[PDB]
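Line order of the protein sequences matches chains H, E, G and F.
The first sequence runs 11 to 167, 195 to 209 under the entry's author numbering.
The second sequence runs 15 to 195, 205 to 281, 298 to 333 under the entry's author numbering.
Under the entry's author numbering, the first residue of the third sequence is numbered 10, with each subsequent residue one higher.
Under the entry's author numbering, the first residue of the fourth sequence is numbered 219, with each subsequent residue one higher.
Using N, Cα and C, we set each Cβ at its ideal position, and we do this for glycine too.
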Amino acid sequence: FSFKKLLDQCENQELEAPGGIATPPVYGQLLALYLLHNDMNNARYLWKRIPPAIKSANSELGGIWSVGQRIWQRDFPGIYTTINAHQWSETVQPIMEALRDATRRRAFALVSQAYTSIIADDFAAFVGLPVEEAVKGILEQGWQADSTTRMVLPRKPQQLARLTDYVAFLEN
Amino acid sequence: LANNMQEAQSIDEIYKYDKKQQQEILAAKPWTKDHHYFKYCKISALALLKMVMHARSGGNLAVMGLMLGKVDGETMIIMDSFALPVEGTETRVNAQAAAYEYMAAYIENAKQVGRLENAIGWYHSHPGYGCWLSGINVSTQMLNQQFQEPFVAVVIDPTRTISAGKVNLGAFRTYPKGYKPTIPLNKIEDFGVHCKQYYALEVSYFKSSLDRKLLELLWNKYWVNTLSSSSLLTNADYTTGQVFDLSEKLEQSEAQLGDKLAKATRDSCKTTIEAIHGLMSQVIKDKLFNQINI
Amino acid sequence: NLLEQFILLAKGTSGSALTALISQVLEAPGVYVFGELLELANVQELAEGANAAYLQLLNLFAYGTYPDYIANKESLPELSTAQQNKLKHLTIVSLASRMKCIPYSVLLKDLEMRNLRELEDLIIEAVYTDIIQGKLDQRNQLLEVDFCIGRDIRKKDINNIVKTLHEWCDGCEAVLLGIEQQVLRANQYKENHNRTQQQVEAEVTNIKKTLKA
Amino acid sequence: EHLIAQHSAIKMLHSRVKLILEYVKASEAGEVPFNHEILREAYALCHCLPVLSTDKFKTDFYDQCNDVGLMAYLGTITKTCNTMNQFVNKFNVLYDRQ
Numbered sequence: 011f012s013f014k015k016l017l018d019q020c021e022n023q024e025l026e027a028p029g030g031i032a033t034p035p036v037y038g039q040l041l042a043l044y045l046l047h048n049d050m051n052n053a054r055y056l057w058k059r060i061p062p063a064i065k066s067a068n069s070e071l072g073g074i075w076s077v078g079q080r081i082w083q084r085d086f087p088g089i090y091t092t093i094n095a096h097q098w099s100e101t102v103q104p105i106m107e108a109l110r111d112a113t114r115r116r117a118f119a120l121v122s123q124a125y126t127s128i129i130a131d132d133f134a135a136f137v138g139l140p141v142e143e144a145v146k147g148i149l150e151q152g153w154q155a156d157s158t159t160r161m162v163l164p165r166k167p195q196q197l198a199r200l201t202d203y204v205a206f207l208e209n
Numbered sequence: 015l016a017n018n019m020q021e022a023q024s025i026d027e028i029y030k031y032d033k034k035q036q037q038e039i040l041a042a043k044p045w046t047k048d049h050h051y052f053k054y055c056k057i058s059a060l061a062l063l064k065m066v067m068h069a070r071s072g073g074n075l076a077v078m079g080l081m082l083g084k085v086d087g088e089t090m091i092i093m094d095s096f097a098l099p100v101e102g103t104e105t106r107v108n109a110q111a112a113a114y115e116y117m118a119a120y121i122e123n124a125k126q127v128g129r130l131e132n133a134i135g136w137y138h139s140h141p142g143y144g145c146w147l148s149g150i151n152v153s154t155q156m157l158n159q160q161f162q163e164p165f166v167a168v169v170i171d172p173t174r175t176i177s178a179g180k181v182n183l184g185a186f187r188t189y190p191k192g193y194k195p205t206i207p208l209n210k211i212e213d214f215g216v217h218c219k220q221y222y223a224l225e226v227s228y229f230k231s232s233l234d235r236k237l238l239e240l241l242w243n244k245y246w247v248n249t250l251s252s253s254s255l256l257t258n259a260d261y262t263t264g265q266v267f268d269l270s271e272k273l274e275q276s277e278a279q280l281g298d299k300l301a302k303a304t305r306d307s308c309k310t311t312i313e314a315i316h317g318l319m320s321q322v323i324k325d326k327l328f329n330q331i332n333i
Numbered sequence: 010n011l012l013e014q015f016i017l018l019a020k021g022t023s024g025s026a027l028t029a030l031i032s033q034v035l036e037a038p039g040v041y042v043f044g045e046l047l048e049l050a051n052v053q054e055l056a057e058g059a060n061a062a063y064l065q066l067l068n069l070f071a072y073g074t075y076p077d078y079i080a081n082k083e084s085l086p087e088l089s090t091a092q093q094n095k096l097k098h099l100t101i102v103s104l105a106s107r108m109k110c111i112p113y114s115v116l117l118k119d120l121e122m123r124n125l126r127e128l129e130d131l132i133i134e135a136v137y138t139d140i141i142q143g144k145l146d147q148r149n150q151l152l153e154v155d156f157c158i159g160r161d162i163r164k165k166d167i168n169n170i171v172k173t174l175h176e177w178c179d180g181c182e183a184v185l186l187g188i189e190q191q192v193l194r195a196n197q198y199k200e201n202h203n204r205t206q207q208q209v210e211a212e213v214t215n216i217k218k219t220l221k222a
Numbered sequence: 219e220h221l222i223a224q225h226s227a228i229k230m231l232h233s234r235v236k237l238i239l240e241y242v243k244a245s246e247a248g249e250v251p252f253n254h255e256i257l258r259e260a261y262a263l264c265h266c267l268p269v270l271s272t273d274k275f276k277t278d279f280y281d282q283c284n285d286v287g288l289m290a291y292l293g294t295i296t297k298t299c300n301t302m303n304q305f306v307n308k309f310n311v312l313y314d315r316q
């Protein structure tokens with residue numbers, strides 16, 4: 011919803027630039043928005059597009075690019091660490107929480123689909139949370155098996198108009 | 015019956031007779047040029063019904079008669095059929111003396127009333143003997159075709175038709191003298216020893232606008248068989264066979280290309312249209328019945 | 010049917026004889042819908058007095074089911090095996106009226122029986138008397154009903170069924186309308202294509218041009 | 219022509235069910251004698267409109283729809299190819315430089 015509107019706004023800002031060189035906060039917001047939609051190619055090309063002076067102007071761009079570099083390697087614990095290691099400006103704050111929620115949902119879906127039996131430590135690393143918290147949560151949800159062996163088992167439990202158009206076209 | 019046309023429709027010009035066009039096509043004589051000329055025979059509903067009724071009324075004996083009509087382009091139109099006072103055995107019919115007087119008198123009387131068509135062919139019924147040209151039908155059809163060129167031999171089987179519930183009408187024409195030109208052998212078997220002497224024709228039927236209008240109110244209890252039609256289930260073998268012949272036609276057209300594609304496209308369109316009509320009927324049934332009280 | 014003789018012979022009786030005839034009717038095999046009997050004036054006036062239990066039992070047989078009977082087991086008089094069998098068969102009919110695929114667990118719960126063999130025997134003997142027709146299935150533990158008799162209806166529920174019938178009619182109308190729209194559109198398409206064909210007619214005019222050159 | 223037969227059959231069924239609805243409306247109104255047998259027959263008829271709404275039927279219906287859709291796709295492709303052949307034949311004579 012709001013993410014698409016922000017994407018349209020920033021695309022409009024970039025498309026027509028009377029000054030030509032946009033503000034570093036604008037480019038940082040664009041990089042963060044590209045990172046949120048897990049579209050790595052566009053984010054990388056936008057990062058390359060940036061003139062070096064605006065890169066060196068602020069360290070927020072460097073932090074966002076570090077986040078992007080970590081997420082490009084598919085290192086989920088690194089993503090979780092780097093999403094909270096540093097601080098950033100106000101305009102990007104309401105998007106990093108959404109990014110963390112999206113990456114948590116993605117990790118949960120990947121664990122559910124790509125694994126039948128997973129070590130609890132691996133699950134905790136994937137979600138970036140203490141083992142006991144995750145265990146309790148997934149006990150309440152119900153997609154988990156048992157303790158001791160340390161093996162949580164993630165399971166996943195106008196036709197008339199179209200037809201008349203087809204036959205009308207076919208009859209010639 | 016409303017929201018459409020009620021005047022002379024597009025299925026009534028087939029019943030219209032043009033004397034000048036028939037005279038021109040009789041003088042032209044395009045049949046002698048290409049001997050595989052006629053390939054389609056269009057029979058009226060009345061002619062077919064009269065033929066079937068007369069063939070069945072004869073019992074186990076054989077009956078014969080004439081059929082009127084005309085010829086246009088590559089098609090032979092057969093409009094009416096009138097019987098003959100023949101006395102035939104279980105195998106052979108003769109039509110010795112009273113048949114020809116009946117032919118002449120009936121044609122003259124029909125012309126008196128307004129029947130403007132001329133004699134177009136003859137038919138003879140095989141009482142349970144299949145649908146093929148015997149060694150005598152071939153000879154008599156050659157005799158008729160040698161002089162009265164527009165002609166066609168129609169064979170009907172009353173016993174097999176009444177036993178199986180489907181009419182068996184076959185239109186045939188004889189080649190002249192000296193004209194030589205897991206798969207089943209029925210293609211040669213179901214014809215006589217003269218299989219190479221005569222060739223069959225594609226038989227189709229037509230009816231007038233008033234014919235269809237009156238036959239629409241023929242009976243008001245086939246609606247049950249239409250609502251519970253169970254389409255795409257009683258003719259699956261027909262569609263599979265059509266797909267096989269369509270694949271063969273596509274292969275032949277591909278070989279030729281490396298005008299035959301037109302008939303392959305027509306066959307494919309016909310099969311697809313039948314399938315789509317069946318699906319449409321099923322969707323209509325589902326919307327009517329199963330979408331209530333949900 | 011058979012209820013005609015019973016109502017004819019019970020038309021002129023009243024009192025304890027009326028209750029005896031009611032019990033005999035409820036014990037009579039082959040009688041499953043007691044509709045015309047409830048219209049009698051004697052049965053209606055039987056409500057007031059010390060024999061209202063028989064009228065309540067008749068109403069339960071006509072409309073209620075087995076759980077309703079077991080709700081007031083003490084209030085109603087004792088019943089023999091035939092009455093209980095008829096009540097169970099009517100309960101099966103009522104269940105099949107709503108859904109055409111009755112699970113075994115639901116039947117076991119409503120009919121209050123333990124062994125699956127007993128339930129299967131009861132269903133088979135209900136099928137034998139031709140009130141319902143269907144097939145049992147032990148692989149999925151369910152009974153499929155193809156046809157069931159129409160149980161008794163109360164006077165004030167008729168409008169109910171009327172509503173449902175109305176709905177069906179409406180649906181039919183809608184379908185018809187749609188069909189008409191479809192065919193109209195199809196015809197339009199055809200005519201449009203014919204227009205294009207007439208454009209090809211203009212082509213022979215260009216042929217006349219090559220007559221000049 | 220295909221839809222006319224369906225329209226007529228649905229029209230006749232609708233007329234019959236409309237007559238039944240009118241009769242039951244009259245019976246519930248009270249202007250006609252109350253028949254206890256026809257009313258229960260109507261109840262038996264009206265308790266079965268959702269005919270065979272099981273999941274297996276839905277799966278079979280979807281399978282049939284998909285099969286007919288495939289049969290339409292293979293059958294529109296050939297017509298498009300035939301139009302292709304005609305267009306290329308016309309282009310290879312009226313535009314090709316001999």
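Annotated as proximal: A62/G and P86/G, with beta-carbon spacing under 7 Å. DSSP, read as helix, strand or coil, puts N300/F in helix. Nearest neighbour of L237/E by Cα position, chosen from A59/E, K34/E and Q155/E, turns out to be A59/E. Collapsing the DSSP output to three states places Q195/H in coil. Secondary structure of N81/G (DSSP, three-state): coil. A119/E and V85/E have their C-alpha atoms spaced approximately 23 Å apart. Contact of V154/G with chain E is not assigned, every C-beta pair being separated by 7 Å or more.
With at least 16 other beta carbons inside 10 angstroms of its own, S320/E counts as buried. According to the DSSP assignment, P112/G belongs to no alpha helix (DSSP H) but to the beta strand (DSSP E) extending over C110 to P112.
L197/H belongs to the set of residues whose beta carbon lies under 7 Å from a beta carbon in chain G. At a C-beta separation below 8 Å, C181/G has these neighbours in chain E: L327. The criterion of a C-beta distance shorter than 7 Å is not satisfied by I89/H and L41/H. Within 8 Å of the CB of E200/G, no CB atom of chain E is found; the nearest one sits about 13 Å away. When 9 Å is used as the limit between beta carbons, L56/H is near no residue of chain F, the shortest such separation being about 41 Å. Counting C-beta pairs closer than 8 Å gives three or more between the stretch 214-226 of chain E and the stretch 186-193 of chain E, which meets the contact rule.
Inter-residue distance for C266/F and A37/G is about 29 Å (C-alpha atoms, whole angstroms). When DSSP assignments are scanned along the stretch 256-294 of chain F, no uninterrupted stretch of beta strand (DSSP E) that is 3 or more residues long falls wholly within it.
Segment contact: the stretch 121-131 of chain H against the stretch 141-159 of chain H, three or more CB-CB distances shorter than 8 Å; contact assigned. Shown in chain order are the members of the stretch 227-261 of chain F whose Cβ falls below 9 Å from a Cβ of chain G: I228, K229, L231, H232, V235, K236, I238, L239, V242, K243, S245, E246, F252, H254, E255, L257, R258, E259, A260 and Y261. A direct Cα-Cα distance of roughly 39 Å separates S95/E from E189/G. For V181/E, there is no enclosing beta strand (DSSP E), as DSSP marks it with neither H nor E. Around the beta-carbon of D49/H, fewer than 16 other beta-carbon atoms lie within 10 Å, marking it exposed.
Distance from the CA atom of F11/H to the CA atom of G73/G, rounded to whole angstroms, is 55 Å.
Cα atoms of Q97/H and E70/H: separation of roughly 8 Å, rounded to the nearest angstrom.
For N332/E, the chain G residues whose Cβ falls inside 9 Å of its Cβ are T173, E176 and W177, in order along the chain. Counting every other CB atom within 10 Å of its CB across the protein chains shown gives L220/G a total below 16, marking it as exposed. Every alpha helix (DSSP H) of 4 residues or more that sits fully in the stretch 114-155 of chain H is shown, in chain order, as 130-137 and 141-151.
DSSP places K84/E in the uninterrupted beta strand (DSSP E) bounded by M78 to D86. Using beta-carbon distances, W246/E counts as an interface residue toward chain F, with a partner under 7 Å. Here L11/G is near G39/G, since their CB atoms are less than 7 Å apart. Nearest to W136/E by C-alpha distance, out of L208/E, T262/E and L157/E, is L157/E. In this structure, the CA atom of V311/F is about 11 Å from the CA atom of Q304/F.
In the same chain as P87/H, and ignoring 5 residues on each side of it, the C-beta atoms closer than 7 Å to its own belong to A135 and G138, in chain order. Listed along the chain, the chain H residues whose CB falls inside 9 Å of the CB of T311/E are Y203, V204 and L207. Counting only runs of 3+ residues, the beta strand (DSSP E) found wholly inside the stretch 150-194 of chain G occupies 151-157, in chain order. Residue contact with chain G for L267/F: present (Cβ-Cβ distance below 7 Å to some residue of chain G).
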